[PDB]
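Only one chain is shown below, in structure tokens, and it's the form deposited in one PDB entry.
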């Protein structure tokens, strides 16, 4: 996935476009919006991702929710540096072997998109 394409909704391939469509739905979650509104200062997305899996579990609902909060911060971002930081931290989270190996073993991004 090109996370810059995803968060900008720009020059998306079909898979990224479908994940983008799912993201959008997710960004309407009341609990997600409330969580976002409670922390307007942009946090470290890589750390958030690693904290989510700190119980030893991962699933596609968690992944979609992490992308969703990332999109919310990206939409409200106040500088290009903030957008670069979001994109790079998402890229770094999903490029960790522990996460990339889970995705590859659980249907790949195509399985996320086929939901």
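Residue numbers count along the first chain shown, from 1. C-alpha atoms forming the largest set that superposes within 1.5 Å between two forms make up the rigid core.
S.K.: Should the higher mean CA B-factor in the entry be assigned to 23-31 or to 76-84?
M.R.: It is 23-31 that shows the higher mean C-alpha B-factor.
S.K.: State which stretch shows the higher mean Cα B factor in the entry: 12-20 or 93-101.
M.R.: According to the PDB entry, the answer is 12-20.
S.K.: Between 48, 65, 38, 58, which one tops the list for C-alpha B-factor in the PDB entry?
M.R.: Answer for 48, 65, 38, 58: 38, with the highest C-alpha B-factor.
S.K.: Name the third of the chain's ranked CA B-factors that contains residue 52, choosing lowest, middle or highest.
M.R.: Residue 52: CA B-factor falls in the highest third of its chain.
S.K.: Within this chain, which third does the Cα B-factor at residue 5 fall in: lowest, middle or highest?
M.R.: Its C-alpha B-factor belongs to the middle third of this chain's values.
This next part talks about the form deposited in another entry, which is not shown.
S.K.: Of 26, 53, 72, 46, which one has a Cα that moves 2 Å or more between this form and the one not shown once the core is lined up?
M.R.: Just 26.
S.K.: Relative to the form shown here, do the C-alpha atoms of residue 29 and residue 73 sit closer together or farther apart in that other deposited form, given a change of 3 Å or more?
M.R.: Farther apart in that other deposited form, by 3 Å or more.
S.K.: In that other deposited form, the Cα separation between residue 30 and residue 19 changes by 3 Å or more relative to the shown form; did it shrink or grow?
M.R.: Compared with this form, residue 30 and residue 19 lie closer in that other deposited form.
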